[PDB]
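A.B. asks: For reference, the structure I am asking about is given below.
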There are 8 protein chains.
Amino acid sequence: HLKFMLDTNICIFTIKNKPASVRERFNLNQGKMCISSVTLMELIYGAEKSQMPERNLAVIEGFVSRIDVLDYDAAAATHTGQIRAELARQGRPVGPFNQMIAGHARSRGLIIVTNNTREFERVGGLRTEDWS
Amino acid sequence: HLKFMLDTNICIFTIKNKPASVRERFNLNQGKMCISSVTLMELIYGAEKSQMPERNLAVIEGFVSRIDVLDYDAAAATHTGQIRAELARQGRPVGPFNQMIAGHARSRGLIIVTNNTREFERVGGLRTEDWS
Amino acid sequence: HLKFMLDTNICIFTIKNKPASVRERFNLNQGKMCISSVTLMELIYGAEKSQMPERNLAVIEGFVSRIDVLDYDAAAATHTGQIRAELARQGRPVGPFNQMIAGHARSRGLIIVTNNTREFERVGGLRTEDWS
Amino acid sequence: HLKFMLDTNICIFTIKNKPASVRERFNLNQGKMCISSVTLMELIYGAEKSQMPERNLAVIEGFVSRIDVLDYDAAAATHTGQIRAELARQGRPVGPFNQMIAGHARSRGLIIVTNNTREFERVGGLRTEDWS
Amino acid sequence: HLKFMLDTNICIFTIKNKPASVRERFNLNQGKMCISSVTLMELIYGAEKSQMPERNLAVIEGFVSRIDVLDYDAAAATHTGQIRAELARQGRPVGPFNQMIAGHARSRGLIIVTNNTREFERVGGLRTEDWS
Amino acid sequence: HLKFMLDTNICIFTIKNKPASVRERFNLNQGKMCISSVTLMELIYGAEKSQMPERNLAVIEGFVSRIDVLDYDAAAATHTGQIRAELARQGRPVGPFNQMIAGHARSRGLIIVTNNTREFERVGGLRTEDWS
Amino acid sequence: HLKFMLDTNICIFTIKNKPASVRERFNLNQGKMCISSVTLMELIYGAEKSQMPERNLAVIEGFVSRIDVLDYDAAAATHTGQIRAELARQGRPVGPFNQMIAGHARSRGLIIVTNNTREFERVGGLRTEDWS
Amino acid sequence: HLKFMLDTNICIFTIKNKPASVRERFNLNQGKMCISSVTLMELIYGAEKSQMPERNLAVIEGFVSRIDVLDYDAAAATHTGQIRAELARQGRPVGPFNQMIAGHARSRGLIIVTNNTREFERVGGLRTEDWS
């Protein structure tokens with residue numbers, strides 16, 4: 001089954017093969033990884049704002065075709081809502097899209113793979129890894 | 001068939017019967033309305049951070065039972081990505097979750113029902129109504 | 001996935017490689033384009049009424065081979081019906097087949113690609129591009 | 001299975017039970033009838049343009065719930081295209097949406113039920129009935 | 001289900017719309033017609049030997065896409081074998097591919113549609129029609 | 001998997017154990033051989049026209065039981081059509097049923113096993129063996 | 001359906017419009033071409049090793065969208081194995097990936113399109129064309 | 001369920017029960033092993049070049065019947081392409097077929113089982129084992 005949910009920069013590092021450690025671990029974990037549709041949103045944004053949008057979209061779409069994209073559903077939303085309230089009580093900052101990504105992963109029991117572990121470690125009941 | 005996607009404040013107004021015109025129009029359009037899972041997320045956050053979480057969580061279950069909750073999917077994400085880039089080019093500010101709700105509705109050709117018309121009208125190719 | 005719905009003249013320009021700019025953008029967007037079955041209908045009519053139906057029909061099969069043809073479904077019909085009433089209220093003229101593909105495109109969140117932007121910009125909640 | 005494709009006016013007569021002969025034959029043919037999505041478009045248009053749109057939409061949507069709606073597909077488009085060229089050669093005028101419905105029916109071997117048989121009889125290879 | 005199996009000349013007549021009576025009845029019998037793959041072979045042969053092979057192939061492949069093609073299977077083989085022996089006893093000549101087409105149709109209880117009734121009427125236990 | 005497609009005479013040689021070399025190589029290749037349904041047709045004809053049809057039909061059922069019978073499908077038909085045109089250009093004679101199994105074999109990458117290599121060698125892109 | 005399997009250089013030529021004769025014939029045969037995944041591999045290698053990988057990867061995604069990619073399967077492997085042994089006996093050199101696409105094509109009865117007819121003509125039971 | 005992709009020599013070692021350790025470990029890992037169709041190709045080549053091909057083909061096919069054969073697909077091709085470019089950049093030599101089954105295994109997150117670990121360890125992001 002699925003074990004990891006990859007955040008946006010981990011995806012970009014993989015595509016770029018830099019830092020090389022990310023693609024290395026990515027490939028060792030083939031068949032076990034996914035991204036949130038929220039992360040897809042961020043990836044598309046990155047392509048759309050770039051100098052060569054059509055080119056970069058094609059590269060992203062190819063990458064995305066080989067990994068699973070999970071829809072952000074009611075369970076994901078529910079966990080995100082809980083997490084934002086837990087974080088607010090504790091006074092811990094997490095960015096809005098990261099909050100959603102954290103909730104999505106937690107709702108499915110997935111490990112978040114991220115180079116922003118400082119932020120994601122603030123979340124309760126969630127495992128994180130950094131492959132960079 | 002779905003015609004309207006309700007923004008968070010419109011849902012809250014419906015729940016509170018204030019402004020009462022919102023629930024009135026809500027009732028008139030029963031069976032034609034939905035919310036993004038992004039809006040559900042915002043509703044759960046609001047309940048979870050409130051003085052009476054269980055009471056407000058129960059109220060949300062009642063509201064949600066009367067409408068469809070749509071998963072934020074790849075199409076929603078893609079439109080959101082496009083929109084964020086379009087807005088940034090124009091120097092137009094829209095909040096992160098509203099961007100996602102805007103992208104979700106546009107991907108399905110739905111009318112956004114919102115009292116935050118100034119923000120959502122900045123998005124291209126999107127119809128809005130305000131029931132409040 | 002799909003981003004653009006091409007109207008008949010844009011299809012014809014692509015086939016003829018004139019204006020060459022159309023085929024250029026067509027090639028750049030390979031894999032992201034479709035036509036409504038309504039537009040297919042118009043293309044088939046064009047071939048059938050031509051001096052050389054078998055030749056022109058064959059050219060259409062080849063062209064259609066490179067894109068998706070979307071069935072005009074209940075969602076497309078529903079949006080079209082709504083658009084026709086909106087347009088009638090405002091006194092804005094749009095041709096019957098154009099109304100239908102406007103509704104088709106809007107129901108799927110697709111951009112209409114057309115050299116008839118004056119007509120299609122009259123439709124609410126719809127984006128267009130002109131590649132010619 | 002399906003034998004009849006109903007025109008817009010036949011649907012309306014059925015709903016209104018006037019002329020009573022239409023609903024009579026309609027019910028005698030339960031399970032054998034459908035409409036084109038093109039006809040759905042016209043029904044929605046009628047409701048959307050009316051004095052009480054939400055009301056009339058509900059009435060139409062309820063009626064449609066009890067009959068099959070066929071998507072206007074590539075075969076329908078092909079027959080429509082052929083028919084428009086045949087009609088044009090003969091100089092026989094048929095309305096744009098009627099052309100598509102004629103094509104849709106012919107592509108499926110269905111009998112067109114219409115009170116506008118004067119128009120539909122101009123089409124080749126198509127059976128028609130009038131229940132009014 | 002299937003009622004008719006169309007022989008090669010009938011298919012060509014339909015495509016050419018000449019004699020017009022063939023396409024007329026073809027259109028009236030939509031959904032009820034098929035061809036044997038043996039007939040497909042003859043059509044492909046016709047295109048392949050023509051001056052414009054690619055064009056005529058597109059034309060045939062286009063025609064064939066809207067009708068069912070049946071594989072010549074063991075039951076078709078069996079009836080063909082019986083028929084060839086029955087014919088030889090009677091001194092009644094039928095061409096090699098017509099023998100197979102006859103056997104295929106008979107094995108499925110289908111009516112052969114052909115303008116070559118002289119050959120096909122020699123076969124026992126088989127219905128034929130000529131639409132030309 | 002399947003490697004060989006046997007023509008009619010080879011099947012008969014196998015059944016009759018004469019020339020004995022054929023059944024010998026047949027037994028060595030058990031599980032790797034098939035016949036076209038076209039060849040099945042020829043075998044049934046031979047039995048049906050013989051002095052003792054029931055006996056010979058029973059012998060065929062036993063033989064056919066040891067091998068796969070392949071349906072003559074659209075790919076087989078298509079290859080046969082190309083082949084028939086190519087042979088006609090070169091002025092090379094191949095019998096009608098031989099053309100079909102040659103086409104059938106080529107569409108599947110099968111080796112035709114035949115003692116009629118003179119005819120089958122005329123076909124392009126086709127390998128043959130003679131076990132007799 | 002499929003008739004041609006394009007070797008790597010033919011694909012590259014089509015992409016570059018050089019020699020222009022390749023794209024010229026390519027366009028004439030739209031809907032009838034495929035590549036082996038073995039060829040996809042070589043294309044991806046070519047892109048990845050180039051000065052501008054992302055640009056060239058995007059171009060490959062576009063090209064691949066216009067044709068079928070066939071998986072190199074057991075039948076393809078079997079033929080390739082046979083061919084490698086046939087070639088070694090005759091002392092005929094064919095490059096390793098060429099052997100595989102030859103086997104892939106022969107297993108499906110496809111015409112190999114290549115500018116390396118010297119190598120591919122060494123293979124038995126395989127038709128080739130050179131469009132360059 | 002699958003964990004291991006077996007290289008050609010490991011399959012041969014298993015068949016020969018020499019070295020005995022390979023079959024020992026093979027049996028301990030029943031239900032968890034597969035081969036690439038590329039390896040099937042090599043096994044078939046070995047049988048075909050042998051002095052008793054029919055015999056050795058039967059032994060291999062029997063062996064292959066008890067393990068999964070994976071088709072070499074687009075994902076496999078993609079990984080192989082990345083790998084070939086990386087190896088060339090690093091100046092690490094790996095044989096053509098080895099490159100393909102390395103990419104195939106890597107695309108599926110499988111452990112390559114091989115007695116050629118020196119070559120396969122040059123590939124990035126790939127686990128290897130030697131059971132010999």
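Labels used: A, B, ... for chains in the order of the structure tokens, numbers from 1 for residues in each chain, and numbers from 1 for ligands as shown.
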So that I can check the surroundings of range 5-11 of chain C, please list as a list in words every protein, DNA and RNA residue that reaches within 8 Å of it, counting only C-alpha atoms and ignoring chain neighbours fewer than 3 positions away.
C.D. replies: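 What passes the distance filter is residues 14, 15, 22, 33, 34, 35, 36, 39, 40, 42, 43, 101, 105, 110, 111, 112, 113, 114, 115, 131 and 132 of chain C.
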A.B. asks: Write out as JSON lines a residue-level contact list of chain E versus chain C with cut-off 8 Å: for each qualifying residue the closest pair of atoms and the distance in Å to one decimal, counting only C-alpha atoms, rows sorted by chain and residue number upward.
C.D. replies:
{"residue": "E:55", "atom": "CA", "partner": "C:58", "partner_atom": "CA", "distance": 5.8}
{"residue": "E:56", "atom": "CA", "partner": "C:58", "partner_atom": "CA", "distance": 7.7}
{"residue": "E:58", "atom": "CA", "partner": "C:58", "partner_atom": "CA", "distance": 5.2}
{"residue": "E:59", "atom": "CA", "partner": "C:58", "partner_atom": "CA", "distance": 5.8}
{"residue": "E:62", "atom": "CA", "partner": "C:61", "partner_atom": "CA", "distance": 7.1}
A.B. asks: Restricting it to N, CA and C atoms, dump the selection as a compact mmCIF listing (two decimals), in the first residue's frame.
C.D. replies:
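This is the output file result24.txt:
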# COMPACT_ATOMS: atom_id res chain seq x y z
N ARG E 55 -6.26 7.08 -48.12
CA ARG E 55 -7.53 7.79 -48.11
C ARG E 55 -8.71 6.82 -48.01
N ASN E 56 -8.71 5.81 -48.87
CA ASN E 56 -9.81 4.85 -48.93
C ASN E 56 -9.84 3.97 -47.68
N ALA E 58 -9.00 5.11 -44.71
CA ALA E 58 -9.62 5.98 -43.71
C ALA E 58 -11.13 5.95 -43.89
N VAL E 59 -11.57 5.93 -45.14
CA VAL E 59 -12.99 5.88 -45.45
C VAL E 59 -13.63 4.58 -44.95
N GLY E 62 -13.51 4.36 -41.15
CA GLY E 62 -14.56 5.24 -40.65
C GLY E 62 -15.95 4.60 -40.70
A.B. asks: Can you tell me, as a PyMOL selection string, which residues in chain H count as strand (DSSP E) by DSSP?
C.D. replies: chain H and resi 4-6+33-36+68-70+111-113+128-129
A.B. asks: For the selection just defined, write its residues with N, CA, C and O atoms to a file, as a compact mmCIF listing (two decimals), in the first residue's frame.
C.D. replies:
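result_2.txt was written with the following content:
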# COMPACT_ATOMS: atom_id res chain seq x y z
N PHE H 4 10.96 -9.34 -5.59
CA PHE H 4 12.19 -9.64 -6.32
C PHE H 4 11.98 -9.73 -7.83
O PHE H 4 10.99 -10.29 -8.30
N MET H 5 12.93 -9.20 -8.60
CA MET H 5 13.00 -9.45 -10.03
C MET H 5 14.27 -10.26 -10.30
O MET H 5 15.38 -9.82 -9.96
N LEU H 6 14.11 -11.46 -10.85
CA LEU H 6 15.22 -12.39 -11.07
C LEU H 6 15.91 -12.19 -12.42
O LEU H 6 15.27 -12.15 -13.46
N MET H 33 8.43 -13.35 -6.34
CA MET H 33 9.39 -13.19 -7.42
C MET H 33 8.72 -13.03 -8.77
O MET H 33 7.60 -13.50 -8.98
N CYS H 34 9.41 -12.34 -9.68
CA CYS H 34 8.97 -12.17 -11.06
C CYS H 34 10.21 -12.09 -11.94
O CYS H 34 11.32 -12.02 -11.42
N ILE H 35 10.02 -12.11 -13.26
CA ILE H 35 11.07 -11.71 -14.18
C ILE H 35 10.54 -10.63 -15.12
O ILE H 35 9.33 -10.51 -15.35
N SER H 36 11.44 -9.81 -15.63
CA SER H 36 11.12 -8.92 -16.73
C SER H 36 10.92 -9.73 -18.01
O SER H 36 11.57 -10.77 -18.20
N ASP H 68 5.68 -14.76 -12.19
CA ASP H 68 5.07 -13.70 -12.97
C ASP H 68 6.06 -13.12 -13.97
O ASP H 68 7.25 -12.96 -13.66
N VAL H 69 5.58 -12.87 -15.18
CA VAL H 69 6.37 -12.12 -16.16
C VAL H 69 5.77 -10.73 -16.27
O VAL H 69 4.59 -10.58 -16.54
N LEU H 70 6.58 -9.70 -16.02
CA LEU H 70 6.08 -8.34 -16.13
C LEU H 70 6.37 -7.80 -17.51
O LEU H 70 7.45 -8.00 -18.02
N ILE H 111 13.68 -5.65 -5.87
CA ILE H 111 15.07 -6.02 -5.68
C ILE H 111 15.55 -6.86 -6.87
O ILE H 111 14.94 -7.86 -7.21
N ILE H 112 16.64 -6.45 -7.50
CA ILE H 112 17.22 -7.27 -8.56
C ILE H 112 18.04 -8.39 -7.94
O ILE H 112 18.93 -8.14 -7.14
N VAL H 113 17.71 -9.61 -8.30
CA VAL H 113 18.44 -10.78 -7.86
C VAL H 113 19.34 -11.22 -9.01
O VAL H 113 18.87 -11.59 -10.10
N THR H 128 19.96 -4.68 -4.77
CA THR H 128 20.38 -5.92 -5.39
C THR H 128 20.67 -6.97 -4.32
O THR H 128 20.99 -6.64 -3.17
N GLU H 129 20.51 -8.23 -4.72
CA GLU H 129 20.90 -9.39 -3.93
C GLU H 129 21.52 -10.42 -4.85
O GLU H 129 21.20 -10.47 -6.04
A.B. asks: Tell me which protein, DNA and RNA residues are within 6 Å of range 71-80 of chain H, counting only C-alpha atoms, leaving out same-chain ones fewer than 4 positions away, and put them as a short mmCIF file (atom, residue, chain, number, x, y, z; two decimals) with C-alpha atoms, in the first residue's frame.
C.D. replies:
data_model
loop_
_atom_site.label_atom_id
_atom_site.label_comp_id
_atom_site.auth_asym_id
_atom_site.auth_seq_id
_atom_site.Cartn_x
_atom_site.Cartn_y
_atom_site.Cartn_z
CA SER G 37 8.39 0.87 -25.22
CA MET G 41 13.34 4.14 -23.64
CA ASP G 71 4.50 -2.71 -23.97
CA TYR G 72 7.33 -5.12 -24.75
CA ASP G 73 5.57 -8.33 -23.77
CA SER H 37 9.97 -9.87 -20.23
CA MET H 100 16.53 -2.46 -19.14
CA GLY H 103 15.12 0.22 -15.04
CA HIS H 104 12.24 -2.26 -15.01
CA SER H 107 10.22 1.44 -11.80
#
